[PDB]
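Quick notes on the structure that follows.
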Amino acid sequence: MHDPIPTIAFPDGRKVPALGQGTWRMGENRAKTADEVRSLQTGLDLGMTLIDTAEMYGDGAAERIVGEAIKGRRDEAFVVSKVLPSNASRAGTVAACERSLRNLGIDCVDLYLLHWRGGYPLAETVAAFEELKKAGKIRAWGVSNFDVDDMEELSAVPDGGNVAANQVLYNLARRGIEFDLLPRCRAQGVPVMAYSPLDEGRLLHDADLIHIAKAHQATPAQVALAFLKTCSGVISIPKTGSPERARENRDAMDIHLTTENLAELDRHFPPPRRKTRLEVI
Ligand SMILES: NC(=O)c1ccc[n+]([C@@H]2O[C@H](COP(=O)([O-])OP(=O)(O)OC[C@H]3O[C@@H](n4cnc5c(N)ncnc54)[C@H](OP(=O)(O)O)[C@@H]3O)[C@@H](O)[C@H]2O)c1
């Protein structure tokens, strides 16, 4: 019997498991599709109910993978997608949402993000998000790759205070948001979605993570996710094309990092001591 996935509440009171599933680079290889679908199905069965995708991921292909994986079980998934900033005009956003819904094969996304900051004024994009919400086409909107200054601009936008999430880079190797952005979003009640929680796999070569993994009879990936589980206000979205890895990632929740593991990680992966430029992938 494994331990449960902690839950995080959105501003609107909806709760999701703090461990979800990524999909970037899915749907690029026909030979992997069956496994990618199965990986997401496996994570859903195990309670990794949030799935993060985007219009740009394989230009609709990752969305279609998500659509397969949720076939017969839409109500079990919390589907997140995104609009590219070059599409995030008043009419563009609506048109992009409709494509995503067609690809996903569903009526409504749970959460719809601006993927990063572009040249269209924020009020335009938020206006489109609020109309989609009223139309029953999205349930909530948020943003991604927004630093503090970007977050502040939302207050000048009417309805900008409805922001439901900020999806930014965060893992042991990229702790910059701890200085300012994460504390702001926590004070504000806005979940931070930590993308690339395994630093795209680069963390898995780290000797201190390996050592700590060894002590817990776990894997380095499981340790990287166990750390992020300790962080309140954070939802991590690791991606894997492998159903065996999905199971492994789920079981990262059974690790209880000790006070000494945490000190050692802080020593090996130092927190920012000053404001850091937002890292983006
Ligand atoms: N908003 C944005 O701008 C943005 C940017 C980046 C990412 N994201 C989202 O965040 C998700 C996660 O980040 P990411 O995909 O960039 O990288 P990541 O999840 O940190 O790591 C991905 C890599 O780790 C491997 N992996 C996963 N679990 C493993 C395990 N237990 N053991 C060993 N290797 C493991 C995967 O390989 P296999 O697939 O071969 O197993 C994959 O190559 C993306 O899929 C995407 O949904 C959003």
Side-chain angles (χ1 to χ4, degrees), residues 8-16 20 22-24 49-57 59-60 62-63 66-67 70 74 77-169 181 184-186 188-195 233 235 237 278 280:
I8 312 285
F10 285 86
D12 51 86
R14 287 195 83 182
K15 291 183 185 57
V16 294
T23 68
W24 163 231
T49 62
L50 179 154
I51 298 165
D52 180 74
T53 194
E55 70 169 329
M56 81 136 257
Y57 300 171
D59 288 350
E63 285 168 339
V66 172
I70 72 179
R74 160 76 187 94
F78 189 98
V79 182
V80 182
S81 201
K82 308 191 188 78
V83 60
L84 285 171
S86 66
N87 290 328
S89 67
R90 185 65 179 77
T93 300
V94 175
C97 192
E98 196 58 33
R99 298 194 295 274
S100 285
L101 293 173
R102 289 194 286 264
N103 282 318
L104 287 157
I106 57 177
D107 286 342
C108 201
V109 292
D110 294 279
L111 180 59
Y112 197 49
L113 315 180
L114 173 65
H115 203 146
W116 63 91
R117 186 82 194 277
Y120 290 112
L122 279 165
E124 219 177 315
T125 309
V126 168
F129 287 164
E130 293 287 330
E131 170 185 352
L132 290 161
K133 195 143 131 197
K134 279 315 215 192
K137 283 168 181 303
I138 81 186
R139 216 104 79 171
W141 65 268
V143 297
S144 186
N145 293 305
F146 266 41
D147 201 359
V148 292
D149 296 325
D150 301 298
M151 288 308 276
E152 292 174 29
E153 284 185 36
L154 286 166
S155 293
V157 165
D159 298 326
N162 292 345
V163 65
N166 194 359
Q167 187 179 127
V168 288
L169 180 58
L181 176 66
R184 294 202 194 206
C185 294
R186 278 161 179 176
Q188 192 167 333
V190 173
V192 160
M193 304 182 53
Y195 76 69
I235 295 160
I237 48 170
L278 189 63
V280 169

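Position 1 is the first residue of the sequence; numbering continues from there. Computed over heavy atoms, backbone and side chain alike; hydrogens, waters and symmetry mates excluded.
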Which residues share a side chain to side chain donor-acceptor pair (under 3.5 Å) with [X], sequence neighbours left out:
X	value
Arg184	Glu152
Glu130	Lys133, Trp141, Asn162
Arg99	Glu55

Heavy-atom side-chain proximity of [X] to [Y] below 4.5 angstrom:
X	Y	answer
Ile235	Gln167	no
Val280	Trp116	no
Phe129	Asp159	no
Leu114	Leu122	yes
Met151	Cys185	yes

Under 3.5 Å: donor-acceptor pair, side chain of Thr23, backbone of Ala62: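 Checking the backbone N and O of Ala62 against the side chain of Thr23, no donor-acceptor pair under 3.5 Å is found.
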
Whether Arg74 side chain and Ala77 backbone form a donor-acceptor pair below 3.5 Å: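 Yes, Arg74 side chain to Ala77 backbone: donor-acceptor pair under 3.5 Å.
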
To the nearest 0.5 Å, what is the distance between [atom1] on [X] and [atom2] on [Y]?
X	Y	atom1	atom2	answer
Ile138	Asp107	CD1	CG	14.0 Å
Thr53	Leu113	OG1	CG	11.0 Å
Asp149	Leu181	CG	CG	10.5 Å
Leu278	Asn166	CG	CG	8.0 Å
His115	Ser86	NE2	OG	11.0 Å
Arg14	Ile8	CZ	CD1	14.5 Å

side-chain contact (heavy atoms from CB on, under 4.5 Å) assessment of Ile51 paired with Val79: CA-CA 5 Å; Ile51 298 165; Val79 182; 5.5 Å; no

Measure across [X] and [Y] and return the closest heavy-atom pair with its distance rounded to 0.1 Å.
X	Y	value
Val163	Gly142	CG2-CA, 4.1 Å
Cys108	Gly136	SG-O, 3.2 Å
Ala164	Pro11	O-CD, 3.6 Å
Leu111	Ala165	CD2-CB, 4.1 Å

Those residues that, when tested against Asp150, pass side chain to side chain contact (heavy atoms under 4.5 Å, CB included) (two or more places apart):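 For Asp150, the residues satisfying side chain to side chain contact (heavy atoms under 4.5 Å, CB included) (neighbours in sequence not counted) are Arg117, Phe146, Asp147.
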
Partners meeting side chain to side chain contact (heavy atoms under 4.5 Å, CB included) with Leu101 (sequence neighbours left out):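 Checked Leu101 against side chain to side chain contact (heavy atoms under 4.5 Å, CB included); matches are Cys97, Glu98, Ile106, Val109, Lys137.
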
Greater than 12 external heavy atoms within 6.0 Å of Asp12's CG: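 More than 12 within 6.0 Å, yes.
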
Pair listing, salt bridge (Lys or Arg N to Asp or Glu O under 4.0 Å) test, anchored in residues 82-92, at least two apart: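 Only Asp52-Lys82, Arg90-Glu131 qualify under salt bridge (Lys or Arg N to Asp or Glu O under 4.0 Å).
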
side-chain contact (heavy atoms from CB on, under 4.5 Å) evaluation trace for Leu154 with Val126: CA-CA 9 Å; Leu154 286 166; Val126 168; 4.2 Å; yes

Parallel, tilted or perpendicular, as decided by the 30° and 60° cut-offs, for the rings of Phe78 and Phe10: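 Judged by the thresholds at 30° and 60°, the geometry between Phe10 and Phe78 is parallel.
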
